[PDB]
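Okay, so here's just one chain, in structure tokens, the form deposited in one PDB entry.
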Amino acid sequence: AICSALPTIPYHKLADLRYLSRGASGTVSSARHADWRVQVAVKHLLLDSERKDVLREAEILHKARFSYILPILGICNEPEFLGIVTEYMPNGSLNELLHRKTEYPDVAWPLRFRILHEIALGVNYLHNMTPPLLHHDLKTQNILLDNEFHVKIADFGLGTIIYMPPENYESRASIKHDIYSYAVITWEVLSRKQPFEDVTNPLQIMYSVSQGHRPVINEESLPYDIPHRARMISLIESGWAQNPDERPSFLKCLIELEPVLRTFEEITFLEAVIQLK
């Protein structure tokens, strides 16, 4: 019986508003809060219904507060400006980390596994809310990284189709969507390759997928020296199975990952991160 209101932030309290990116849900800018003295992120798109969406997103971030979910700091709601304010993630997205190879030549295994564990922890948290909250748009672009490269998931429960399960083409009630996305992401994290790299059309991907084809698993995509290779391959293969019923819950997924994570000393995570600086 304990409630908490989301702070309202006066637009005039946000200084140095610089453009970061624009996307389907709005434009994201970095700023600083004049009173709290911290860097923040601001998201802004006004139609009669376009308002109910921004407010629903903010309500979602506020209810889904957890260690691996992007923390919301407050709603900026005035007659002039309408925006969401959250912590600022200084390390970008998992997509950048995996694919900017000149900037990041080495991403050590312990850090890759910690990221995979945290993405699962975050999604598992969502699924355990009452009522259950489904992500449905999980991708490397919205898995964000904080100052120590810990995961904060964003843009859930509200572009690219490589993370979308086949049954989702021709559904909104499916609890086996997220795990599908997760299998692809896992493949992507362990290989640092773009899923279906030889495809010149999104439709060609969607076609292959509907026919049961998946990102390639072989020695070139996943070298034999990858720690716990066999176990990860099983997890990936069951996660993206054509038949949703054969896909594991996140509970099962976490239970499989726990013994893998225990094999890594806490200092190896710190060393992996400092290597990136």
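Note that residue numbering begins at 1 and tracks the sequence as displayed. We call the rigid core whatever largest set of C-alpha positions still superposes within 1.5 Å between the two forms.
Per the compared records, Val38 is resolved in all of the other entries whose models span it, so no third of them omit it. Judged by the one-third criterion across other entries of this protein, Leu47, though modelled here, is missing from at least a third of those that model both its neighbours. The modelled chain breaks after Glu170 and resumes at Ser171, leaving 4 to 9 residues of the deposited sequence without coordinates. Coordinates are lacking for 10 or more deposited residues between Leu158 and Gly159.
For the pair 246 to 254 and 57 to 65, the mean B factor over Cα atoms is greater in 57 to 65. As listed in the deposited structure, the average C-alpha B-factor of 2 to 10 and of 266 to 274 is greater for 2 to 10. For the set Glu118, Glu148, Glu78, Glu188, the PDB entry puts the maximum C-alpha B factor at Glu78.
In this structure the maximum Cα B-factor among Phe113, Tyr104, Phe196, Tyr163 is found at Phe196. When the modelled residues of the chain are ordered by C-alpha B-factor, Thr200 sits in the highest third. In the deposited entry, the Cα temperature factor of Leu82 places it in the highest third of its chain's modelled residues. Sort the modelled residues of the chain by CA B factor and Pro131 lands in the highest third. Compared with the other modelled residues of the chain, the Cα B-factor recorded for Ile175 ranks in the highest third. The entry lists a Cα temperature factor for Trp240 that places it in the lowest third of the chain's modelled residues.
Beyond what is shown, the protein has a form deposited in another entry; the following relates to that form.
In a rigid core superposition between this form and the one not shown, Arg22 is the single residue of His12, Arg22, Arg18, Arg262 whose Cα is displaced by 2 Å or more. Core-aligned CA deviation for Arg51 between this form and the one not shown: 2 Å or greater. Distance between the C-alpha atoms of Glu103 and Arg22: shorter by at least 3 Å in that other deposited form than in the displayed form. The distance between the CA atoms of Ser25 and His62 is at least 3 Å longer in that other deposited form than in the form shown here.
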